[PDB]
Structure formats: structure tokens, C-alpha cells
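Before any questions on binding or motion, here is one chain by itself as C-alpha cells, the form deposited in one PDB entry.
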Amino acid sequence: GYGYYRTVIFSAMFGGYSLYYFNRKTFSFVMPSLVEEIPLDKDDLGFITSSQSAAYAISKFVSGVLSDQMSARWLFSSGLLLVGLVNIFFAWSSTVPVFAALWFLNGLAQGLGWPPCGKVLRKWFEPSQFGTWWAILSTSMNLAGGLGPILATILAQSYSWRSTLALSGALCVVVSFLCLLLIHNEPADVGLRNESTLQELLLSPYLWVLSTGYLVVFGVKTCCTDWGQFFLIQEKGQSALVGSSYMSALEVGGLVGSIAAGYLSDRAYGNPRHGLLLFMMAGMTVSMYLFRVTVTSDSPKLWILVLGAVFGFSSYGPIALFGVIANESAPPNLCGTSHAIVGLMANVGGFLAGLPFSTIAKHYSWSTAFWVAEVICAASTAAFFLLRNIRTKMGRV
């Protein structure tokens, strides 16, 4: 029976990939309480996040390159176990070098679990149904972003910050074991039946336009999430519950954005679905400007929630659009390399959000850094609008 095994395996990957993201973002979930008991400046936080981002970038790139000669279940279980172990260790350390080393290892382990999902999806599902399943997998990510912050704060009001990560880590370990028991690599182990050149790929302007757009979008999203959580409390006179609700609403909006963008793009030199992407980017920068300027010490909370949801929608739509367009325009025999390059550029964009942004905020203010980010986003949107009727097919032409 294909259906039974498909359902079981997909549920197992859903749970494992949700725990992956939860343990990845636990630091952003608890950061305010940890800063409250251990006095730290913005530079230390930026250093830790940048170290994790760099480690994840290198590990994911190399694992994606060499994934063709490893088993999916073992890699998934190993990665989950290592992430749980480093999360458990994090709950006992109380210094800035140990935190940075532990999160570097966290990124290294988190980079391992990406290729197995694609391998299982390709082995167990039809080639014409990849993206759809990809889509729902992305929703799991958003789910981990939604339940994470608020619960953490709810636990923080009566328990230590160190009593959450540790518990989370334990869960991962247990789930990892269940994952190995519940994941089969191919529909044959159970028993039931189963051009261009590299010099021409990198010499395509559209390949760099897409990469730079993804870089900008990912960096701006990471900046908004972590440093707006801190911005709402440290400068706008709001409490930590509002800071957590802002991120929860951001992820709630991002879920519906990721779900819808595929439908709107599919119903609709250049690409047919560039207008939706440009509109979403414009909405993202407009919402950023409104959030920076309108919110004061005395403002209703459902205005902040609306701003967060709108930004999440306008940020998570373009990510799916970028992925689908990169898959569609890729050379016929170089899809994996193109996906790896675009992911690497998105990861370096996310890396740029940690330390330089925190240093700018430390020197001038949070407002100045957010204004710089919004200015960069507006300039990128204008440039993308200008550079939109160029060749979209990459390769030997």
C-alpha cells in the first residue's frame, strides 16, 4: 500500500522538520529573558547569530553538493540528535564564547537535514508533484515560527529560560529515534514495487538578479523578526508580550502568504509572475515604513498585529516565488547547482543581518538600522522593476 507508507513517512518528516526549525529559533524565542538575567550588548547577540548563519550556510552548501552518496534516514536522525544535544548544552553555559561555539555547531548540524527531504520526496512521489509537497513542508516551518515565541514567554513568567531549551532538546532526541524507525529511503526496501556549461551558467545576469533579490528579502526578513522583537520593547515603550505577539502574527501572516502565492502565481524575456513579486516587495517596504514611523509608546496593539501580519505575508510570498522561478528558469541539466547558488546567496544575506546590523544599532539606534534596511529594500525593488524584461532562460543560449 503506497498510501499508508506515504502518509507515515510524510508525517515523520513534518514533525522532524518542525522540530529542526523550533530548535534553530529557540535563541530568538528566549533572547529577552536571557539578556535580562545575563547583561549583554547588541554586539554579542549579533556575533552569535552571525556565527550560526555562516555555519549553516557552509554546511548546507557542502551537504547539498555531496548528498548523492549517503542515506537519508541516518543523516536526518544524526542531525536531529546533534541539534538536541547542542540545545541541551546551551542551557548550562553562561558566557559569550561558549554560546557562539555552540550555535556554530548548531548551524553545522542544521545544514545536514535539508537534502533528505528532497531525496524522500523524489523517491516516493511523482516528478510533477514535487513543489506542492515542498509548499506544505514550508508551512511546517511557519508553524514552528508561530507556536514558538508566545509559548516561550508563557513559560518564562514562571520558569527559567534554561528550563525551556533543555526540555526542547530532550524532545528532539526522542523524536530522532522515532524518525529512524519511521522513515524508509526508497519504495523498494519495504518490498512493494518502486546542454549548458558551468561557465555559461555563471555568465547569466538573471541568475545574479534572482540571487541578489533573495539575498535582500531574506536579510530584511531576519532583521525585521529579531531586531523588531527587540525594537518594540527597547525603544517604543512596549512590553515583551507585545514583542512576542508581533513575531507570532508575522508567522501567521507568512503561512497564508506562502500558501497563497503559489495559487496566485499559477493562475496567472521576463516572467509572467513578476508583477505579483514586485507588488509584494512594495507592500513589504510600505509596511516597514509604517511600522517604523507610526507606532509610538501609546498605540493600539491590533495595529502592530496588522503590520506584522502584512509584513509576514509580503515577505513569505516572494520566497516561494523566488524558489519556483529559480526552478523554472534553471538550465535543464543544472537545476541542483542553481538551487544551491541561490540558497547560498540567501544564506549570506541572512548572515549580513546578524553582526553589521547589530553594530549599526549599537552605535546610532535601532531606528537608524531599520531605516537603512528599508532604504536598501526600496532601492532593490526599484532596481528589480527596472531589470525585469531581460532574458530569463539561463545557459548556452
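From 1 onward, residues are counted along the sequence shown.
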Unmodelled deposited residues between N194 and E195, binned | 10 or more
Would you mind checking whether any residues of the deposited sequence sit unmodelled between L302 and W303, and how many (none, 1 to 3, 4 to 9, 10 or more)?
-> none
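One more form of this protein should be noted, the form deposited in another entry, which is absent from this view; the next part is about it.
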In that other deposited form, whether the C-alpha atoms of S358 and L102 sit closer or farther than here (change of 3 Å or more) | farther
Quick one: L102 and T359 C-alpha atoms, closer or farther in that other deposited form compared with this form (3 angstroms or more)?
-> farther
